[PDB]
Ligand SMILES: Nc1ncnc2c1ncn2[C@@H]1O[C@H](COP(=O)(O)OP(=O)(O)O)[C@@H](O)[C@H]1O
């Protein structure tokens, strides 16, 4: 599963229909001058796929429409065409199109040209492994900062979300409510089977009464109704057995729940060290717990230090290292990185580039940069040009790319 | 796999046919979650739990429909 193609129209600086040349399944780098429209392009993709753009007040929706001279834009769409040869999307098609259309009072998704709800789109992407509780399939400089400057407490809450605490509590509550109304169905089933059973006893007495000496149709089909009753009884037994095994499952899960959270924490920290070691060959880093009340970062580039007491550039790299670790704990088929290398040393930008190079062997990356280190890990190159206050995207060469950085 | 069908029931349950619902052994599904081949995140278990409950609810729904219809059939045969 990956992003085959993006089409944009009417969206921020992309006034005209913009059919982006289909992406490579590895690393695609988008370059262009400041204010050419790189961020707007990422906005177009998060607009279709990201949970934070799912609920938009009218003013927020109108803010996405193109503003500029000429005829006034009053609708916009962004279409993402997925490659689905994976069948990672539960849609039996090799390509899947997801288009989001907005207007003055219109906000409408289309899955293969058929209206679907936002609830559908969310479920569809959850099916494929994109969890609302992982905010990191898309990484922007804001997210890196918000991570580098988070309280040890807010780190704890994040890892708990990723671990699944909110999801489990929600899934568990939904299940219990659904269990509870199923019990009413089961009761009605049992009353019905008893009514059927008394009808079969009546039929049997009526049949012996005539033999010793009620429409005939019922007497004719008595054996039929008795055979049918057993088929329903067998299915009723299966429900009874299913109720027991579900109650057992809920118990097992409530009891393993803390070891499950602790399992995820232990792996996130482990990847954190291996990721910082690869990025900063030499040093190493590690997480530590609170009074738990919070999760803390302690790191030494030297062959330990708290989070704040670090270079603002070093704070950026460590937080990014942690994001990579959270990603590896919960890997996804494609990643969108908006200028994640902005606040990094040149040495560290090449470290990140060398990492993506390896990661792009098994996942698609769509990234934007204003610096040239990431160009070495890229397989396709796109240039954004801004002319007449509208953005355009074209495929360019590796050589041309070293020219928009 | 077997849990792949439960996953579908959690998120995109419309892909599961009536035949799918009928065939699903909930008892071995649950044993697959309770004793996995590799330990799974609390989040995943929560999804799988809802999927199991969802298949179970659909079995009850179909069975209630069939019981109601069987009861109507029988008393219609009486007149
Ligand atoms: N709703 C909009 N309509 C038209 N142009 C917009 C809209 N929003 C932003 N822009 C313009 O698009 C340009 C910025 O695009 P942006 O993607 O942020 O630049 P960069 O390429 O540096 O990331 C600015 O000229 C900006 O004012």
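Protein chains in written order, with the deposited numbering: chain A, 1 to 213, 982 to 1059, 1093 to 1104, 1109 to 1210; chain B, 12 to 90. The beta carbon of each residue, even a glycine, is placed where N, CA and C say it ideally should be.
The C-beta of residue 86(B) comes closer than 8 Å to at least one C-beta of chain A.
Within the same chain, 54 and 109 come within 7 Å of residue 118(A) by CB-CB distance, once the 5 residues on both sides are set aside. Burial check for residue 1049(A): the Cβ neighbour count within 10 Å stays below 16, so the residue is exposed. Every beta strand (DSSP E) stretch that sits fully inside the region 1165-1197 of chain A and reaches 3 residues is listed by chain position as 1169-1173 and 1185-1192.
Shown here for residue 73(A): same chain residues with a beta carbon closer than 6 Å to its own, the five before and five after excluded, namely 10, 65 and 66 in chain order. For residue 65(A), the shortest separation between its Cβ and any heavy atom of ligand 1 lies below 7 Å.
Contact between residue 1180(A) and residue 1151(A) fails: their C-beta atoms lie close to 13 Å from each other, not under 8 Å. In this structure, residue 101(A) has its beta carbon at no less than 7 Å from each heavy atom of ligand 1.
The count of Cβ pairs closer than 8 Å, one atom from the region 15-30 of chain B and one from the region 1188-1204 of chain A, stays below three, leaving the stretches out of contact. At least one heavy atom of ligand 1 falls within 7 Å of the beta-carbon of residue 39(A). Contact annotation, residue 1004(A) with residue 203(A): C-beta distance approximately 21 Å; criterion of less than 8 Å not satisfied. Using beta-carbon distances, residue 1017(A) counts as an interface residue toward chain B, with a partner under 8 Å. Pairing residue 1154(A) with residue 1146(A) gives a Cβ-Cβ distance under 8 Å.
In the structure shown, residue 79(A) adopts extended strand secondary structure according to DSSP, grouped into three states.
At a cut-off of 8 Å between beta-carbon atoms, residue 20(B) makes no contact with chain A. The Cβ of residue 182(A) sits closer than 8 Å to at least one Cβ of chain B. In this structure, the beta-carbon distance from residue 123(A) to residue 68(B) does not fall below 8 Å. In this structure, residue 1193(A) has its CB at a distance of at least 7 Å from all heavy atoms of ligand 1.
In the DSSP annotation of this structure, the continuous segment of the beta strand (DSSP E) that includes residue 1055(A) starts and ends at 1052-1057. In this structure, residue 34(A) has its CB closer than 7 Å to one or more heavy atoms of ligand 1.
Residue 1189(A) sits close to residue 36(A), with the two beta carbons spaced by under 8 Å.
Within the region 149-183 of chain A, contact with chain B at the beta-carbon level (separation under 7 Å) is assigned to 163, 164, 165, 167, 168, 171, 172, 174, 175, 178, 179 and 182. Following the DSSP letters along the chain, one finds residue 67(B) inside the alpha helix (DSSP H) bounded by residues 53-89. For residue 12(A), the shortest C-beta to heavy atom distance toward ligand 1 is below 7 Å. In the three-state reduction of the DSSP assignment, residue 134(A) falls in the coil class, being assigned neither a helical nor a strand state. Secondary structure note for residue 103(A): its beta strand (DSSP E) is the uninterrupted segment 95-103. If you check the C-beta of residue 1189(A) against ligand 1, you find a heavy atom less than 7 Å away. For residue 996(A), the enclosing alpha helix (DSSP H) has its first and last residue at 990-1047.
For residue 1142(A), the beta-bridge partners assigned by DSSP are 139(A) and 1172(A). Comparing alpha carbon positions, the residue from 1120(A), 1096(A), 1129(A) and 1011(A) closest to residue 1042(A) is 1129(A). Distance from the C-beta of residue 68(A) to the nearest heavy atom of ligand 1 is below 7 Å. Looking at the DSSP output, residue 31(A) bridges to 1188(A). For residue 1099(A), the three-state secondary structure derived from DSSP is strand. Annotated as distal: residue 1001(A) and residue 78(B), with beta-carbon spacing of 8 Å or more. When the alpha-carbon of residue 98(A) is set against those of 105(A), 1020(A) and 125(A), the nearest one is in 125(A).
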